[PDB]
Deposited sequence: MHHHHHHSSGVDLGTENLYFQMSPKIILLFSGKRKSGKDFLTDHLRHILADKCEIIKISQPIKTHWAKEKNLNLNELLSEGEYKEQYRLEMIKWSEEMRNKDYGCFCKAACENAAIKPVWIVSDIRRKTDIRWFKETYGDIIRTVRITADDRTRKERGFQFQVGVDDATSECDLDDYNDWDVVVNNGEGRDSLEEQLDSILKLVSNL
């Protein structure tokens, strides 16, 4: 298996994608990036057009088998000491990872205040921002790391170091 699996959660415009991308570049060939939405995009290939056709379909597939997209994304991942799962959204995603891989999971939440998100171009979109996809982990209470990436955030170097501390041994 991988030695550690980092599950990243965050709302859009939080900077989770920015931080995961920096972390991937730093860890280079010690890590694999995994996107559990990739099986959904790959099924579609075989923007509102994507959402209209895929949101209800993916919700129904996950309602029938909570791990379907997590299993598909992990089956296709190269084994590397560190796995970065950049797009965990639901409690059932964390549940599937913990059931499958046990105590090598670490959960990381990236957060940003609404003023900061608006500076990054955030405009409230009903049905995106009120949706399970953006809100299902808002009340999760078992985070290993929470990264403030809004008002009062640490330096980018210190943010990355707080995550790298998880994989440094």
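Inset, instruction - Could you list the ranges of the deposited sequence that have no C-alpha atoms in the model? - result: Residues lacking C-alpha coordinates: 1 to 22, 69 to 83, 207.
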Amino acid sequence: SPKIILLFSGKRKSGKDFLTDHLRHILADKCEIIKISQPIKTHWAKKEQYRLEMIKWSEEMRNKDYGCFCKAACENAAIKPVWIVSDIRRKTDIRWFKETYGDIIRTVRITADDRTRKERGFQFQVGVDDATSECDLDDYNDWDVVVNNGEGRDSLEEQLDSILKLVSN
From here on, numbers count along this sequence of modelled residues.
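Legend entry - 48 to 56 set against 106 to 114, stretch whose average Cα temperature factor tops the other in the entry: Averaging CA B-factors over each stretch, the winner is 48 to 56.
Inset, instruction - Taking the mean of the C-alpha B-factors per stretch from the entry, tell me the winner out of 6 to 14 and 157 to 165. - result: That would be 157 to 165.
Legend entry - Maximum C-alpha temperature factor, selected from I94, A73, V85, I79: Within the set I94, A73, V85, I79, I79 shows the top C-alpha B-factor.
Inset, instruction - Would you mind ranking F69 by its C-alpha B-factor against the rest of the chain and naming the third, lowest, middle or highest? - result: It belongs to the lowest third of the chain when residues are ordered by C-alpha B-factor.
Inset, instruction - Could you tell me which third, lowest, middle or highest, the C-alpha B-factor of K35 occupies within its chain? - result: Answer is lowest: the recorded C-alpha B-factor places it there.
Legend entry - Record-listed C-alpha B factor of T132: chain third: Tercile = middle for this residue's CA B-factor.
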